[PDB]
Amino acid sequence: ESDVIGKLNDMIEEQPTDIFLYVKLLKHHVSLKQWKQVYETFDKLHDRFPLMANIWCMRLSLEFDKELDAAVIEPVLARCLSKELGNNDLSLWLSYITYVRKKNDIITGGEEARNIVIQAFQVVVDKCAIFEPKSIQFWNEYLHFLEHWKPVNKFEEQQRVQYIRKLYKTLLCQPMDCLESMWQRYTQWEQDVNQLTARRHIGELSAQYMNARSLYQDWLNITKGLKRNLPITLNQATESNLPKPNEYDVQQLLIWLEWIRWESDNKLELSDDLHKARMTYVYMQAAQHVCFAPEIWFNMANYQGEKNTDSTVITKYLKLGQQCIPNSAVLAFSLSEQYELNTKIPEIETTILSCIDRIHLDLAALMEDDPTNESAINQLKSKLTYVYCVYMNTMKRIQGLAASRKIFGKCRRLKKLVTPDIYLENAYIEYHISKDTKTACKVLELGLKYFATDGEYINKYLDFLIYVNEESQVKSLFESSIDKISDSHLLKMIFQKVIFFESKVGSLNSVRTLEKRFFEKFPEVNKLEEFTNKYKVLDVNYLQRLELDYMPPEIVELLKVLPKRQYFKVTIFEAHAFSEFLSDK
Amino acid sequence: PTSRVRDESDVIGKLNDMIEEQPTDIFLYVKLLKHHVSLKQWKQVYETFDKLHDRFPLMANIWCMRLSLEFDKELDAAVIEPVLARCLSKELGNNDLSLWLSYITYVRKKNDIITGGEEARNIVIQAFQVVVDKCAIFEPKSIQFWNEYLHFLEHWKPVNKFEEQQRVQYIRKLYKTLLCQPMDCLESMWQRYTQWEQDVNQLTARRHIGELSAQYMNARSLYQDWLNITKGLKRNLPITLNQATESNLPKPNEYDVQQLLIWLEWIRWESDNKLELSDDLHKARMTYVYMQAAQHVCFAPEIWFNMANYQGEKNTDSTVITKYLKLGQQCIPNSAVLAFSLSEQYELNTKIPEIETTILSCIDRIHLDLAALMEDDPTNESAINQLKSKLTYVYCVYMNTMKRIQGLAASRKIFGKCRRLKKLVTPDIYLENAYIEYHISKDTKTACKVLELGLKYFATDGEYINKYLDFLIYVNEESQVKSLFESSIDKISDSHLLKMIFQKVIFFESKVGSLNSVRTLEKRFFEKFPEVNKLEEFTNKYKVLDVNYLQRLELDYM
Amino acid sequence: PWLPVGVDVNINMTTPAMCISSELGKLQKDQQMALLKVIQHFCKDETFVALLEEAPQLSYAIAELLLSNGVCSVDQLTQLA
């Protein structure tokens, strides 16, 4: 079968955050002008990454390949440009301005036509362009628009300088990669309008103008390795400039964060509404470029809300984040937190299971796909088991003891697919919280059906029983593991643990004996060293720390002859009474 | 008091007072002896010498010192006989060459060769062969001894027939007996044997010198390895009351570790039985080296442990161990190590009370070391606390022993005495008791009081609060957890141990409480520790089995 | 702090009591009544209680020291009770 169409779709299912895969499919549904298909896929991707600017760009640069028509393009801009998806990315507003350009000829239309193209440009200014510093490309195409403008009358040539000055007096206050070159064009432009009253206009901006430079400098350092390059054209979408699933450059992220923390100080002393506006812009940007970095969503969601109302906000973003990182245990919890907040309970289970399932899948995917690597297969096993412990808990807190156990059972059925943590956690809950010492102790033994030979688990299991003083159980397990544990060192530890246990609640005899077996099987062991271990207190080896480091004159005479204070301390016949009594009588 | 006692120019009562506070400070007994002697006060010279002997019955140097003293006033088996006996008895295996020499030098004087004759000289040999048998053939650096014995035989003018014969009989026996053991003279001593063997026979010599050739080299060999291991081994205690310098003596509890290990390495080389001697003889050799081991590092509890557990690791006599561990503790009245090793041998033989007396003995000596350090330089809060801990610790492991041997009563009475000790002990004591009372005696209520009761003197302590918290949070003491938290925020100085207290409670909240409760308390936390990090603190709220998996499995860059 | 630790009583052949007696029993009625005075005044100045805590044997030395040389026996029972 050579149907790469039904091929890639499955592939795209098993790994829906691998953007390039949708691209691969797009770069095909297109070569065969399958315009009925190209739009289904492109939309599927849209659902998951509603805020990936480039995606939307790569969607417009595909219609701009055939004149246009406000029948196909209108719906899209509606979508992505909506209020619910403030897609405030510059490389997009450009594609929108291109539209408000063609579908609005200056000539044909006239006064109100050309005046409409200003709206476009103008909005992009108030929303985006005045926040993004590397916005040279824009302002130029806009001033070039206010330049090529051929005044047709007394009011037009007037309104001409009305706008052109505004535009200048505006971008020359925002840290921009052109502040200087644009300042060289503003200073000269003001003298083609006034050589007597325009040298004062250039003497009101210098103040802010400069401050705009400096900040752009500061910005410039902080910005350092800020690699910002995502395929905007479906054609440059190489399997390299697009990030791989869950993948993100750690350093990259931090750089981004450094920017946002700078944008917080509010060095442009902007109003709150704008500051907030600004901050939001950068956050959006960030989340796009580090889309698979859970911290960026967790930081932004906990901001978009941290400010305003609408309890529905924090959840809104968090959900989008969780979409890019389905197997993310941070967004999973962050999400089942907001839900819990608005008592939307059911939503708590779903959201957490989702994570479970995606992790469950990544597992079957790594396993039946190179079980050779146990170093990355166990880690997965643990992340699964972990998100199961943190879940089992949440239900025991919200639902009741019942479900607390239902989840444990689900796990127990999953067999060795999870780690011992699950039996160790549920044993705790049942023991200290519900105080069902009997089941608590059964949960543990039960984990023996798949870990009786797991030194690590046996140790942890023991620690428990010795601490709670389960006498019998403490022993019963020991006596049935000495043979089952390989790793000599966790086995050496089993003895040490239990010898100490005898030293503590048994008898020199119980110990001596066990100490005998111990030295039999571990001849190399050091006697005095093991001796110090037997005498630990609060889990500390005070014996080595503080000693074996390299590892009324007249009555005071009677005291000098009477027996030691341990032949009678047994029961002081007389107490404080020998005070209120011997003083008077 | 003791040393803080009034004293004239009464240097005799001054030293004694000291010796009373630091009885293991040997030198101080030598300072007193160089005095009571100065003023020929023999009645005291002796009282002291014994008070000394009583504690260190195995210090060969000390005994030597005493005879080296009597060898300065002719001699008289009146004084010297009781001494030799007392120190060379069965109970005290004093096997040091420099002592056997101070013994030979006696059976030498009080046994002239001329006067007596046959039976006379024959007796000096006895006293000479006995050292060979018991000591010398085990001491590699025994070059001294030997030469004096061999020289004692080289000047034995054959009186007649049977003598000139019996002469070589010995010289050879001797010559061979020594050419095996690895010694600091195996080379030189061989030169003489070869020549000597060419002073009696011709048809022989090369046949005699041929039988030894074998063991002789294997000997020089072993001696070499020994000489390596022996590397920095320095053995130079004072043997004459006069060489006694405050430096060549061990100040109370002092011992050079490096030197300790050197001994141990020698011993673990001797266990390998390279010579391959009989068993009885091996055990014999091992024992001699442990004595020398113990004599020079007598303040290292590891040497008395290793040896007491050896002298019994073989034979029965359920007393050998208890015995040697006793003498060991004598030099280290405060070793917790020996306190326990003893309070074990005793429990082994149902000598129950001997246990308690034994463990208190350490406590007492320790309590003293403390009050010494304190009213002696309270400026040092470093060591002043280390000591407080050793004391508190030895109390823990004591209150535990009695909760087992006796029971909850004395386990508890011992807590009381401790509580009465106020802030003299560290918090550990309250903690360890909280445990006994909680998980082993299952008395939740009392358990929680023991803890709160530790506040009187520890509510400022950040550490102790955290640990206290850990408890309640784990065993879920719902309210009590909350109670202690509210009442500490305002009392913990260390910001970090306060940040942790909060942290813990927030995790407690997310766990058993609610999100509202958390949120509330988080507000507080952030309010007080603004510098904090929102996502980090988050990843903790979600630790499991005390592990921050979010961080380890996701937010790894932390 | 540095008070006398006391004495090891060979339990296998005596009693701490048959020993308390034996020690007090070698101080003629003089010193006997002399000591008791020192323990009369020392009590009137509280610091006493401590030295009676960390030495319950000094209690018995005193309690026998009393009753013995006529001091009570119908009041003794008022101590415990």
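The rules we used
- Residues numbered from 1 in each chain as written, not as in the entry; some residues may be left out.
- Chains lettered and ligands numbered in written order.
- Heavy atoms only, no water.
- Contact = heavy atoms within 4.5 Å.
- Buried area = accessible area lost by both parts, 1.4 Å probe.
- Salt bridge = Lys/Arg side-chain N within 4 Å of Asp/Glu carboxyl O.
- Polar contact = N/O pair within 3.5 Å; in protein donor to acceptor, adjacent residues only side chain to side chain.
- Helix = DSSP H or I, 4+ residues; strand = E, 2+ residues; numbered from the N terminus.
- Nonpolar A, V, L, I, M, F, W, Y, C, P; charged D, E, K, R; others polar.
- Buried < 20%, exposed > 50% of the residue type's maximum accessible area, 1.4 Å probe, protein only.
- 1 Å grid on protein atoms, 1.4 Å probe; cavity = no way out; pocket = protein on both sides within 12 Å on 5 of 7 lines; lining within 4 Å.
- Points joined across faces, edges and corners; volume = space filled by probe spheres on them.
- UniProt positions renumbered as here; feature names shortened; annotations may be inferred.

1. What about the interface of chain C and chain A?
A common measure of how large an interface is: the accessible area buried when the components associate.
Working step 1: With 40 residues of chain C at the interface, the matching set in chain A holds 28 residues.
Working step 2: Where chain C abuts chain A, roughly 3,400 Å² becomes buried across the two surfaces, and 73% of that area is made up of carbon and sulfur atoms.
Working step 3: Counting across the interface, chain C meets chain A through two salt bridges.
Working step 4: Note that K585 of chain A and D75 of chain C form a salt bridge whose closest N and O atoms lie 2.6 Å from each other.
Working step 5: Taken together, the connections running from chain C to chain A amount to six residue pairs in polar contact.
Working step 6: Among the secondary structure elements, those contributing two or more residues to the side of chain C that touches chain A are α1 (16-24), α2 (29-41), α3 (48-53), α4 (57-68) and α5 (77-80) of chain C.
Working step 7: No other element matches α4 of chain C, which puts eight residues into the side of chain C that touches chain A.
Working step 8: A breakdown of the residues in the side of chain C that touches chain A according to their chemical character gives 30 nonpolar, five polar and five charged.

2. Observations regarding unusual backbone geometry
Working step 1: One non-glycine residue, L538 of chain A, lies in the positive phi region at around 50°.
Working step 2: Looking at where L538 of chain A falls in the secondary structure, it is placed in the loop between α28 (527-534) and α29 (542-545).
Working step 3: For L538 of chain A, a relative accessible area of 32% gives the class partly exposed.
Working step 4: One non-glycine residue, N273 of chain B, adopts positive backbone phi at about 45°.

3. Details of the interface of chain B and chain A
Working step 1: Each side of the interface is counted separately: chain B has 64 residues, and chain A has 62 residues.
Working step 2: A buried area of about 5,800 Å², summed over both sides, lies between chain B and chain A, and 59% of it is on carbon and sulfur atoms.
Working step 3: Looking at the side of chain B facing chain A, the largest losses of area belong to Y393, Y474 and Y557 of chain B, adding up to 12% of the total buried there.
Working step 4: Viewed at the interface, chain A and chain B are joined by seven salt bridges.
Working step 5: Between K390 of chain B and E547 of chain A there is a salt bridge; the shortest N-O distance is 3.6 Å.
Working step 6: Across the contact surface, chain B and chain A share 25 residue pairs in polar contact.
Working step 7: Grouping the constituent residues of the side of chain B that touches chain A by class yields 33 nonpolar, 14 polar and 17 charged.

4. A few points about empty space enclosed by the protein
Working step 1: Looking at the largest cavity, its volume works out to about 320 Å³.
Working step 2: Considering the residues around the largest cavity, the lining is formed by 20 residues, among which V390, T394 and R397 of chain A together with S510 and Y542 of chain B are closest to the centre.
Working step 3: Among the elements of the structure, α17 (329-341) and α19 (378-398) of chain A together with α25 (495-512) and α26 (515-528) of chain B are those that each provide at least two residues to the lining of the largest cavity.
Working step 4: Residue composition of the lining of the largest cavity, grouped by class: eight nonpolar, five polar and seven charged.
Working step 5: Reported here for the second largest cavity is a volume of approximately 280 Å³.
Working step 6: Around the second largest cavity, the lining comprises 20 residues; the ones closest to its centre are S503 and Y535 of chain A together with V397, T401 and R404 of chain B.
Working step 7: Elements represented by at least two residues in the lining of the second largest cavity include exactly α26 (488-505) and α27 (508-521) of chain A together with α17 (336-348) and α19 (383-405) of chain B.
Working step 8: For the lining of the second largest cavity, the residue count by class is eight nonpolar, five polar and seven charged.

5. Some points on the UniProt feature "repeat: HAT" in chain A
Residues and elements named next belong to chain A.
Working step 1: UniProt records the feature "repeat: HAT" at residues 33-65, 68-102, 112-148, 159-192, 233-265 and 274-306, using the numbering of this structure.
Working step 2: Counting secondary structure, residues 33-65 comes out at 58% helix and 0% strand; the distance between its end C-alpha atoms is 12 Å.
Working step 3: Helix makes up 71% of residues 159-192 and strand 0%. Its end C-alpha atoms lie 16 Å apart.

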